[PDB]
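Note that ligands are numbered from 1 as they come in the structure, with each ligand's atoms numbered from 1 the same way. Any value given below was found using the heavy atoms of this structure, including those in side chains, with hydrogens, waters and symmetry copies removed. For the single chain, residues carry numbers from 1 onward in sequence order.
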Amino acid sequence: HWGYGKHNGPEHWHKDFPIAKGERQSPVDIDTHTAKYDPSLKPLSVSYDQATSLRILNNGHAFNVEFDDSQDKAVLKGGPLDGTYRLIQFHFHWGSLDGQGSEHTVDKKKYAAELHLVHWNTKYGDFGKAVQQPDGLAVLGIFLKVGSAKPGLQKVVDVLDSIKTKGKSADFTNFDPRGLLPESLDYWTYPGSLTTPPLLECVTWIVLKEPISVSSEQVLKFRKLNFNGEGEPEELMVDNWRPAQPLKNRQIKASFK
Ligand SMILES: CCN[C@H]1CN(CCCOC)S(=O)(=O)c2sc(S(N)(=O)=O)cc21
Ligand SMILES: [Zn+2]
């Protein structure tokens, strides 16, 4: 089974999933000097005032927080999109030192971690049907750096010792995602895919320019988790990111001058 080690990491994935060498793969490096400003784009519209969270889980690859998507309650629209996209889950990727951790890079620079918020297009009915189409998903990414603490992240870090190993879950209600966003909403955008297998080419990426700050005691807690199951040898959950792939066919656009 796939993973991030010496014998089953990124350089091996193509043997079971051939699309790994396709024409619109992610992540990539963003060169700020080549990107072109586009004056016809529209501002982003984020409406999370009615969100209902349910549970938190460790899946062997990272940890995820889930929401109830049976009605329009937390949605994303505008920007380069046409239509309405509904929120289903969020997760993170990080490193073993403060100098590495993120998947996307800026003029060759790497940050300590990267946060991903996932949404699907309502015209298709539900989630499973949407991942099989070219314009099915929309993912919003935000960078993390080490400095002062972020108040709204604390409730997540205090529950981690109850889901240490693979297969564990716990109740997690009334959490508000508006507390993890920066001041400004200016961005970059291009067409791509998922960053872990099955690697399907169904995503419209939207990456924010301004990062958020967290303390060293907070990211320390992330590194104490495990990749293995209860009653098995200990392997620490660190360095779970895929590196930069070829641009080829595409061009990147910016909403700011
Ligand atoms: C471990 C498998 N992770 C996949 C599969 N997915 C199904 C998980 C059930 O949750 C609904 S997913 O479509 O949600 C999604 S989004 C991304 S990313 N890193 O944002 O590009 C990876 C994935
Ligand atoms: Zn991700």
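Not counting sequence neighbours, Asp68 has no partner by the salt bridge (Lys or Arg N to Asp or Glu O under 4.0 Å) test.
Applying side-chain hydrogen bond (donor to acceptor under 3.5 Å, both in side chains) to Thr195 and the options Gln25, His93, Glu103, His116 leaves one that passes, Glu103.
Of all the N, O or S atoms in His93, the one closest to the Zn ion (ligand 2) is NE2. For the Zn ion (ligand 2), the nearest N, O or S atom contributed by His116 is named ND1.
For the pair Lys155 and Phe175, the cation-pi test (distance below 6.0 Å, angle within 45°) is failed.
Heavy atoms only, all atoms of each residue included: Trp241 and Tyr4 are closest at N-CE2, 3.7 Å.
Hydrophobic clustering keeps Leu181 apart from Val118 (ILVMFWY residues linked when any side-chain heavy atoms are closer than 4.5 Å, directly or through intermediates).
The aromatic ring centroids of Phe92 and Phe222 lie less than 6.0 Å from each other.
Ion pair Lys109/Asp107 not flagged as a salt bridge, since none of the NZ, NE, NH1 or NH2 atoms sits closer than 4.0 Å to an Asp/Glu carboxylate oxygen.
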Can you list every pair where an N/O of ligand 1 is under 3.5 Å from an N/O on the protein?
{"unit_1": "ligand 1", "atom_1": "3 (N)", "unit_2": "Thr196", "atom_2": "OG1", "d": "3.4"}
{"unit_1": "ligand 1", "atom_1": "14 (O)", "unit_2": "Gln89", "atom_2": "NE2", "d": "3.4"}
{"unit_1": "ligand 1", "atom_1": "19 (N)", "unit_2": "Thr195", "atom_2": "OG1", "d": "3.0"}
{"unit_1": "ligand 1", "atom_1": "21 (O)", "unit_2": "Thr195", "atom_2": "N", "d": "3.3"}

